[PDB]
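Novice: Handing you a structure now.
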Amino acid sequence: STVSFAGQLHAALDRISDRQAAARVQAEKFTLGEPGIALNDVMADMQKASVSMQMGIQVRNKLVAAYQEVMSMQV
Amino acid sequence: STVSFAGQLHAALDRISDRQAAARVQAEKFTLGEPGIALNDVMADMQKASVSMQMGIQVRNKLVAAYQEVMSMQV
Amino acid sequence: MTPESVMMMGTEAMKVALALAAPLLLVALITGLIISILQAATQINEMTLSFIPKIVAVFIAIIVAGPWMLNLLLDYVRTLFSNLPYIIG
Amino acid sequence: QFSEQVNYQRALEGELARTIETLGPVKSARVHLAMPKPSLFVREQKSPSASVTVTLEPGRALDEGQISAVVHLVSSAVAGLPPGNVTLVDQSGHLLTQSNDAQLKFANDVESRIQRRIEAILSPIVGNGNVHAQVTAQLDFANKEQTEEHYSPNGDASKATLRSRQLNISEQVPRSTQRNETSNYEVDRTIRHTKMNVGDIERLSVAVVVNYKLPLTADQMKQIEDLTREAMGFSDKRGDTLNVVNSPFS
Amino acid sequence: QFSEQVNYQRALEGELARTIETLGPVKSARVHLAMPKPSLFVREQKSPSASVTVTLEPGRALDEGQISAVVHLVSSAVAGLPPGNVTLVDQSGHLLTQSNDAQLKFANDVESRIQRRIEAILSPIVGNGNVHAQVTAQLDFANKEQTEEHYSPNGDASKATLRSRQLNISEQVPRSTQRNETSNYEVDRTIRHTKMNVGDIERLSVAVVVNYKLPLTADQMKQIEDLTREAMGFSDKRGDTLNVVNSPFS
Amino acid sequence: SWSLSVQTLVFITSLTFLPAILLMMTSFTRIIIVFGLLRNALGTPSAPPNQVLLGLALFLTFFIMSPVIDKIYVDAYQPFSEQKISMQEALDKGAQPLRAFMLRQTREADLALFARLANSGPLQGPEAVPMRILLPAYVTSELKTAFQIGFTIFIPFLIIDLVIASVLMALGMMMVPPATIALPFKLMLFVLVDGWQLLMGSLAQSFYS
Amino acid sequence: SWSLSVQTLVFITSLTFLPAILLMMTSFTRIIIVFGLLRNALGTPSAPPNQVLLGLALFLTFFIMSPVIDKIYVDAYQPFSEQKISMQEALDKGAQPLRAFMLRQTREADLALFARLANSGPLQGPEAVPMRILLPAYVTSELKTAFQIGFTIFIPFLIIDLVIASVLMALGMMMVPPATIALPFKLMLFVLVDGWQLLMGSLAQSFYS
């Protein structure tokens with residue numbers, strides 16, 4: 001179907017947020033003393049969530065720079 | 001023959017990518033228990049890949065700074 | 001673009017301008033000429049003695065010609081903007 | 001800026017009329033052009049077209065030679081006008097330009113040529129009118145494309161070509177022997193690329209009747225049969241079929 | 001100014017009317033054109049149209065040949081008008097255009113060709129009107145497309161073609177033996193791209209009757225049967241069928 | 001393929017090259033130049049530059065590019081989801097609709113200039129042109145198109161100014177500043193015609209026809 | 001929901017997009033264009049653009065937006081304060097009143113044009129138009145409305161210019177520069193009529209009717 005840039009950014013932000021929610025739940029369960037979850041899993045997932053968030057930060061910063069360069073144009 | 005700076009950039013990025021692929025497959029092949037491959041070579045190849053990637057990053061930063069400084073002047 | 005087409009557009013623009021102005025210039029010249037004819041035969045005058053007749057004439061013209069003038073200008077401009085895409089090539 | 005183009009076009013039409021009427025079996029020619037507007041910013045353009053209607057000298061028709069003459073003249077006259085689009089009309093319809101069925105005519109004239117040659121050969125023997133042949137020729141109209149990549153087999157090391165070769169040998173004397181060997185070859189290669197013809201013969205079928213003098217002698221029959229076999233270009237691999245029979249006419 | 005393009009149309013339609021007037025079986029011919037519109041926000045620009053009304057000469061009707069003549073004339077005249085759109089209407093209805101049955105006409109042509117050839121051969125044998133033949137023929141109108149990719153087999157080493165080969169051998173002497181063979185080949189490869197012809201004959205059914213001279217003798221009959229088998233291009237792999245009989249005519 | 005290094009290294013730099021190359025390789029040059037020239041007509045700014053004209057142009061060019069971006073999505077983003085495509089064939093797969101669009105918009109002789117001055121070899125077809133020759137060709141042709149549109153825009157307000165000045169001159173108005181009277185009539189001609197809709201729509205239509 | 005990442009990420013980006021898109025999405029476009037055109041009349045600028053008319057326009061748009069912003073507040077800021085709403089339903093709960101407000105001012109035909117150049121299918125109701133269609137339509141309608149108000153504002157000062165010019169000619173003022181004569185009379189007309197009060201009031205009453 002169509003593109004709908006806004007929808008794409010919405011989906012990307014939902015992906016980042018629920019990845020972090022999964023990492024947070026993993027940390028919750030590990031610190032709460034449940035079977036299954038291992039410390040390597042917790043650390044790896046938390047690092048993955050951090051990397052995804054950092055990538056989001058960079059994409060946002062470049063979009064804002066592009067926006068404030070496009071609308072500082074003199075018509 | 002002609003240079004086509006895009007071609008040189010593609011070549012450099014391909015060199016970095018293939019070097020990292022070699023390092024990743026060798027780590028795959030070591031942790032999987034295949035004979036031959038030694039830990040010293042694995043670590044050295046990983047470090048060489050990291051240095052090449054860092055060189056790519058620094059070259060990127062200088063090229064982007066150059067572009068944004070050329071594009072910040074008035075015609 | 002070719003100069004033939006730009007001259008075509010130019011003459012169309014000139015003829016819509018002329019049609020737009022025709023009543024005003026027409027009545028201005030007519031009343032000026034009438035007061036200039038009557039300027040002699042009692043050659044008394046200060047400078048013109050025709051300004052107010054010209055103003056009332058253009059008042060009358062803008063009232064009576066009026067709507068068709070504005071309609072012609074609007075149709076011209078609407079057609080110009082409508083066929084603007086098709087004149088690039 | 002527009003009507004000038006119309007003036008130019010219709011003046012050209014008059015010019016081409018003035019040409020065509022000076023072609024012999026022509027008295028008048030009314031012509032129409034079809035020029036798409038040339039855009040310089042969109043790429044995908046359209047070719048033009050031409051429609052000529054001619055009034056011939058009464059009782060004169062144009063063979064394909066003069067049809068080609070007029071079509072070529074008109075096509076090359078108009079800027080960038082392929083001779084396909086030139087549609088010609090005889091003063092009573094009758095499209096001299098065929099621009100899905102021409103293959104039937106194509107087979108027909110192929111058979112006509114072969115049959116004519118058979119008659120030309122067999123007439124001097126048995127008479128101008130003592131022989132009939134008809135040809136039924138199967139034709140191929142599929143577009144055949146092909147690409148072959150023949151290689152030569154370098155299995156035999158006597159005639160292989162080595163670019164690189166590493167050979168490690170060891171033996172201890174309880175015997176331990178090792179022999180490693182790596183080889184990179186260069187390979188002979190042939191690449192044909194045939195775009196086979198549309199409209200070749202794929203088979204012939206020819207039947208011939210020869211008139212009586214009384215039946216002709218068996219040797220005289222076999223020599224006539226061999227002659228017509230020669231004239232067919234008879235190829236057995238093509239499965240060409242030929243029959244020759246003798247029996248009196250009506 | 002809007003008037004000028006419309007008057008251009010009114011000129012062009014009259015110009016074509018005058019061309020059509022000059023073709024014989026015509027008393028009047030008036031034509032209407034249709035430039036569609038500049039459609040908005042889609043770069044589609046559907047094709048134009050042309051509708052032609054003609055008063056034929058009284059009592060004269062137009063064959064499909066001159067119908068195609070006039071339609072192709074009009075299409076070749078109008079700037080970028082495909083001939084499918086050009087519609088013709090005679091003096092009283094009778095849409096000469098059909099805007100699928102060309103298949104039927106083509107098949108009839110094939111059958112008629114075969115039948116006339118059969119008669120051309122057999123007429124000198126039994127007489128001018130002593131034989132009748134009818135041909136019903138099956139045609140393929142489906143669009144085939146084919147791409148074979150023949151490879152040549154290289155299981156045999158002596159016809160193998162090796163680009164590279166690493167070969168290792170080891171053995172100890174209770175014997176421990178090694179043999180490793182990494183081999184890369186270069187493979188012969190053939191690629192036909194056939195686009196089969198449309199309208200090919202796929203099955204003939206031919207029935208022949210001959211008159212009496214008294215029925216013709218058996219050998220005199222089998223020679224006739226062989227001749228008609230020849231004239232059909234009779235091929236067994238196609239499933240073609242042939243029946244010939246002798247009976248008194250009427 | 002690339003490995004989450006150079007991938008995501010080409011991505012961030014692509015976003016860096018976005019604001020100039022990507023907004024001036026697609027549209028928004030013709031549109032913004034027409035808007036600026038229109039604003040020179042009708043007198044003063046009468047529309048904040050950095051805010052309303054620029055934003056409206058950005059929306060409008062998104063709307064023209066939505067079909068090309070749809071095809072780029074279908075031919076890059078969906079297959080680039082883990083499977084059979086990763087930024088090597090994906091590059092020209094995503095270029096091809098955009099190259100088709102630009103060729104369909106370029107002058108048929110600006111390509112000639114930027115090819116002949118590049119010592120480029122003879123070209124077989126439209127597909128054989130490189131991005132290298134395609135960019136400056138598209139920019140120059142788009143500048144030509146923008147200036148043609150601007151000239152046509154300046155026509156009617158020129159008409160209004162001349163008619164106003166002539167009427168004043170005939171009435172004897174030696175020293176009246178005809179621009180002051182003519183400006184409300186410029187807006188007049190621009191609103192009764194419903195000028196903003198017509199102009200926005202005609203730009204969109206001209207941009208693909 | 002979102003997890004204090006993208007929350008406080010989309011917040012800061014929303015703030016950055018505030019000054020341009022939000023202001024040229026709500027109001028202050030009509031107000032500022034009408035102020036600019038009033039400044040065109042009355043002679044020279046004679047009122048500082050970069051400070052005073054901008055501030056007054058901001059205050060006018062705040063006052064006009066107070067009902068809209070109050071609805072947004074009661075529908076998000078209380079229910080987004082920690083309970084049952086966290087910046088997913090906050091967005092649409094806040095957009096709906098603003099969407100209704102913007103629809104109430106859009107020209108009936110700008111929406112039509114932008115929908116028809118989106119290849120959007122049929123729409124059922126005013127709730128079916130998306131923000132993608134609704135931004136540029138509102139902007140274009142706002143520009144039209146601003147120019148209409150511009151006419152109504154230029155009219156009386158045009159009258160003063162022409163009547164002063166006519167008196168001066170009839171009297172025989174060969175080439176006195178009537179502009180300098182008419183400027184103080186323009187100011188006089190605009191002060192006795194109590195023009196600043198009644199102008200800002202007229203804009204306000206126009207803007208929601």
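Each chain of the structure tokens is named A, B, ... in the order shown, its residues numbered from 1; ligands are numbered from 1 in display order.
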As number ranges by chain, please: the residues near region 225-227 of chain E (cut-off 12 Å, only C-alpha atoms, same-chain neighbours under 6 positions excluded).

Specialist: D: 132-136, 205-209, 241-246; E: 117-123, 125, 206-210, 218-219, 233-234, 241-246

Novice: Tell me the residues of chain C close to chain F, meaning within 9 Å using only C-alpha atoms, as an MDAnalysis selection string.

Specialist: chainID C and resid 1 9:10 13:14 16:18 20:21 24:25 28:29 51 54:55 58 70 73:78 80:88

Novice: Contacts of residue 66 (chain D) at 10 Å or less, counting only C-alpha atoms, minus same-chain residues fewer than 5 places along, as a ChimeraX atom specification?

Specialist: /D:23,25,61,71-72,96

Novice: Just want the 7 Å neighbourhood of residue 45 (chain A), counted on only C-alpha atoms, with same-chain residues fewer than 4 positions away dropped. Output as a compact mmCIF listing (two decimals) with C-alpha atoms, in the first residue's frame.

Specialist:
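File part-v8.txt, as written:
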# COMPACT_ATOMS: atom_id res chain seq x y z
CA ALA A 23 14.45 -6.00 28.17
CA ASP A 41 20.48 -13.07 28.44
CA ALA A 49 17.87 -2.18 23.77

Novice: Just need chain A moved onto chain B: least-squares over all Cα atoms matched in order, then output as a JSON list (two decimals) with C-alpha atoms, in the first residue's frame.

Specialist:
[["chain", "number", "residue", "atom", "x", "y", "z"],
["A", 1, "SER", "CA", 40.32, 4.52, -16.43],
["A", 2, "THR", "CA", 38.21, 7.32, -14.93],
["A", 3, "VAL", "CA", 37.89, 8.12, -11.23],
["A", 4, "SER", "CA", 34.18, 7.80, -10.31],
["A", 5, "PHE", "CA", 34.41, 8.88, -6.65],
["A", 6, "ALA", "CA", 31.23, 6.95, -5.93],
["A", 7, "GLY", "CA", 32.85, 3.74, -7.13],
["A", 8, "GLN", "CA", 35.86, 4.35, -4.90],
["A", 9, "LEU", "CA", 33.69, 4.79, -1.82],
["A", 10, "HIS", "CA", 31.66, 1.72, -2.83],
["A", 11, "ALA", "CA", 34.82, -0.37, -3.09],
["A", 12, "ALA", "CA", 36.16, 0.91, 0.23],
["A", 13, "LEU", "CA", 32.92, 0.04, 2.00],
["A", 14, "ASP", "CA", 32.91, -3.42, 0.41],
["A", 15, "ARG", "CA", 36.48, -3.89, 1.65],
["A", 16, "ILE", "CA", 35.51, -2.93, 5.19],
["A", 17, "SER", "CA", 32.41, -5.13, 5.12],
["A", 18, "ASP", "CA", 34.09, -8.25, 3.81],
["A", 19, "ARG", "CA", 37.03, -7.82, 6.18],
["A", 20, "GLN", "CA", 34.49, -7.84, 8.99],
["A", 21, "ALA", "CA", 32.72, -10.83, 7.44],
["A", 22, "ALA", "CA", 36.00, -12.74, 7.43],
["A", 23, "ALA", "CA", 36.56, -11.82, 11.08],
["A", 24, "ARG", "CA", 33.01, -12.89, 11.94],
["A", 25, "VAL", "CA", 33.45, -16.22, 10.14],
["A", 26, "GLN", "CA", 36.70, -16.75, 12.05],
["A", 27, "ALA", "CA", 34.88, -16.18, 15.33],
["A", 28, "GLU", "CA", 32.07, -18.49, 14.18],
["A", 29, "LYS", "CA", 34.45, -21.34, 13.40],
["A", 30, "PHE", "CA", 36.51, -20.89, 16.55],
["A", 31, "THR", "CA", 33.49, -20.89, 18.86],
["A", 32, "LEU", "CA", 32.03, -23.83, 16.95],
["A", 33, "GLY", "CA", 35.01, -26.07, 17.73],
["A", 34, "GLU", "CA", 36.88, -26.51, 14.46],
["A", 35, "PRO", "CA", 40.58, -27.31, 13.90],
["A", 36, "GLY", "CA", 42.98, -24.77, 12.44],
["A", 37, "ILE", "CA", 41.79, -21.40, 13.76],
["A", 38, "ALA", "CA", 43.73, -20.21, 16.82],
["A", 39, "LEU", "CA", 42.65, -17.76, 19.49],
["A", 40, "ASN", "CA", 45.45, -15.35, 18.60],
["A", 41, "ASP", "CA", 44.21, -15.37, 15.00],
["A", 42, "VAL", "CA", 40.63, -14.64, 16.09],
["A", 43, "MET", "CA", 41.63, -11.80, 18.40],
["A", 44, "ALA", "CA", 44.03, -10.24, 15.89],
["A", 45, "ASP", "CA", 41.54, -10.38, 13.03],
["A", 46, "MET", "CA", 38.73, -8.98, 15.16],
["A", 47, "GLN", "CA", 40.98, -6.11, 16.25],
["A", 48, "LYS", "CA", 41.96, -5.46, 12.63],
["A", 49, "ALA", "CA", 38.30, -5.32, 11.65],
["A", 50, "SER", "CA", 37.61, -2.89, 14.48],
["A", 51, "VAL", "CA", 40.50, -0.65, 13.38],
["A", 52, "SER", "CA", 39.33, -0.64, 9.77],
["A", 53, "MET", "CA", 35.79, 0.24, 10.83],
["A", 54, "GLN", "CA", 37.06, 3.06, 13.05],
["A", 55, "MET", "CA", 39.06, 4.44, 10.14],
["A", 56, "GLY", "CA", 35.91, 4.36, 8.05],
["A", 57, "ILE", "CA", 34.06, 6.25, 10.78],
["A", 58, "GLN", "CA", 36.70, 8.98, 10.86],
["A", 59, "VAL", "CA", 36.77, 9.35, 7.07],
["A", 60, "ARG", "CA", 32.98, 9.60, 7.01],
["A", 61, "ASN", "CA", 32.93, 12.20, 9.77],
["A", 62, "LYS", "CA", 35.47, 14.38, 7.99],
["A", 63, "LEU", "CA", 33.61, 14.07, 4.69],
["A", 64, "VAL", "CA", 30.34, 15.09, 6.34],
["A", 65, "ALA", "CA", 32.01, 18.03, 8.06],
["A", 66, "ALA", "CA", 33.51, 19.12, 4.75],
["A", 67, "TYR", "CA", 30.15, 18.75, 3.01],
["A", 68, "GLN", "CA", 28.27, 20.82, 5.58],
["A", 69, "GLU", "CA", 31.02, 23.43, 5.47],
["A", 70, "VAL", "CA", 30.97, 23.60, 1.66],
["A", 71, "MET", "CA", 27.20, 23.92, 1.43],
["A", 72, "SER", "CA", 26.91, 26.49, 4.20],
["A", 73, "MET", "CA", 28.78, 28.86, 1.90],
["A", 74, "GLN", "CA", 26.86, 32.01, 1.02],
["A", 75, "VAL", "CA", 26.84, 32.34, -2.76]]

Novice: Relative to chain D, what is the Cα RMSD of chain E after a least-squares superposition using every Cα atom paired in order?

Specialist: 1.9 Å

Novice: Between E:247, E:16, E:140, E:189, which has the minimum distance to residue 215 (chain E) (counting only C-alpha atoms)?

Specialist: E:247

Novice: Near chain E, meaning an atom within 6 Å, which residues of chain D appear when counting only C-alpha atoms? Write them as a ChimeraX atom specification.

Specialist: /D:32-36,49-51,91-95,136,141-150,153-155,174-185,205,207,249-250

Novice: When you get a sec, could you note down which chain E residues fall within 10 Å of chain G, using only C-alpha atoms, as a list in words?

Specialist: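 Taking only C-alpha atoms into account, residues 40, 41 and 42 of chain E sit within 10 Å of chain G.
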
Novice: Just give me the gap between CA of residue 97 (chain G) and CA of residue 73 (chain G) in Å, one decimal is fine.

Specialist: 10.3 Å
